[PDB]
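Peer 1: What follows is a single structure, and I will ask about it in a moment.
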Number of protein chains: 2
Amino acid sequence: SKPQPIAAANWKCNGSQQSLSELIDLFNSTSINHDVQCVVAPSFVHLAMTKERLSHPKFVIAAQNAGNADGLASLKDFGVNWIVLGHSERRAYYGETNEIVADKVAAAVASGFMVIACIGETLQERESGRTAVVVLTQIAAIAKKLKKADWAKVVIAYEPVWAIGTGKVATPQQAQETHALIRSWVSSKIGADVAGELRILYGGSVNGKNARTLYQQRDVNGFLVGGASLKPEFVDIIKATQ
Amino acid sequence: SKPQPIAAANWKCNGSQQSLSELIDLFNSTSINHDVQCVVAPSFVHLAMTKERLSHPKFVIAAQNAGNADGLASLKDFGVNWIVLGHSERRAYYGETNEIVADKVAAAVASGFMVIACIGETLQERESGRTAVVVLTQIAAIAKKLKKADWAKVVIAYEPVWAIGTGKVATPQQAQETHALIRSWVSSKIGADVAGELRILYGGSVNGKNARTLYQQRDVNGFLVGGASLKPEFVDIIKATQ
């Protein structure tokens, strides 16, 4: 039995609102049957436009990387209930510590948010066989700052850095493994009820072609999609969560 | 008479040790005629590697988005003396306020760093005529937190968001128009001495072919290069700063 899957979109383009607007209408006209929570995280400056225009009942809006208490509070007052934290990338590029993202997860949860925490290893780490370590260490740090009930507001996205906008995607087995690994750790550290209920999304070069197969994996509960979420094929990715 | 130009390189590719290593060898062996300060901002994860292989006397290492008192101290002990603050992108994508980037610039400068502060408007702001008000508001906010002597540690990069990784470079006159506003503002509010010494760099889809004509503009002092800094043409960009 799987928990509700999630199909999350990461928006970034910097040359219109024309395309976003048309995608939003495409999403607003799409028919979705199965139980799935879709999420669209546009740029901060497109948040207002997106909120008003996006009307599909199975889509919600998420903010990204609100590095501040006042940032969290104003987003929540504005009607935003989701936030995505791009830790894998920020750890690799700027040296953001696991403790700092753990603190931000705890802060976001306490502020009323549903938090999608992006954890993952570098190419060099995956190279030397450290996916296991690196990934569980980030999850361990997060657990240290979360109460058991906090996990109902948390979603884990396994987004390995080497998969992010490179065209390289983890295989349905190579993702199931690190996912199964996360769930078992959570099970034995926090509880079986929390571990089973926990959505563990896969992110990194996902597209309409691979979505179907990755989702068939027992411990994959949806996707975090960047480049492919700016295209009509996202509709396919959603459909693939059944 | 233009102050010393800067050619700044921002690295972010993942599967890169060999590729980066090749570039460094390439840079190390390059002969650079004129007076130019070259800067390389690798991802945190390749800091030590770059610091061990780069040796050209006209090159320094920079950290990107160092956001922590504890993290500057680390950087400072590791021998890194330059930092680049990607504010234009964080403002657009995450809502980062002008006040927060001003606090960071002041923090970095108080700690002995040279700071490249990246300011710029969004596509929407550019299409609606708001570039001037938006850019000038960003520089004024940063100024408020600086003493006159601190400007020696400051470098401004005009980095319009709609030009970052989109291929849409600003025209020579577009960049000169905004650089001129910036410099006019500083000369009037701070001093003509400070304004004439200030390096105002342009960033956004800079490459080997468009660099030359950009640097010919009176108030352009150099470049911030993303995707073209990973390629051999970065050499061309450097040569164009004369």
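We number each residue from 1, going along the chain as drawn.
Cβ coordinates come from backbone N, Cα and C, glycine included.
When I checked Swiss-Prot for this same protein, it listed these features:
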- B:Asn10, B:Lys12: substrate binding site (BINDING)
- B:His87: active site, electrophile (ACT_SITE)
- B:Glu159: active site, proton acceptor (ACT_SITE)
Peer 1: Within 10 Å of the residue listed as 'active site, proton acceptor' (Cα to Cα), which of the recorded positions B:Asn10, B:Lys12, B:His87 do you find?
Peer 2: B:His87
Peer 1: I'm trying to understand the geometry here, so how far is the Cα atom of B:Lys12 (substrate binding site) from the Cα atom of B:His87 (active site, electrophile), in Å to the nearest whole number?
Peer 2: 17
Peer 1: Given recorded positions B:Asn10, B:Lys12, B:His87, B:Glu159, which are under 8 Å from chain A when comparing Cβ atoms?
Peer 2: B:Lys12
Peer 1: Any same-chain residues 6+ apart from B:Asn10 (substrate binding site) with CB under 8 Å of its CB? Would you list them in sequence order, or say none?
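Peer 2: Expected: B:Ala41, B:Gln64, B:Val84, B:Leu224, B:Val225, B:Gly226, B:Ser229.
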Peer 1: Sort B:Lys12 (substrate binding site) into helix, strand or coil using the DSSP assignment.
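Peer 2: Reduced to three states, the DSSP call for B:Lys12 (substrate binding site) is coil.
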Peer 1: Among the recorded positions B:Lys12, B:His87, whose Cβ has the fewest other Cβ atoms within 10 Å?
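Peer 2: Sparsest of the recorded positions B:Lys12, B:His87 by Cβ contacts within 10 Å: B:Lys12.
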Peer 1: Translate the DSSP assignment of B:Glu159 (active site, proton acceptor) into the three-state scheme.
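Peer 2: B:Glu159 (active site, proton acceptor) sits in coil per DSSP, no helix or strand.
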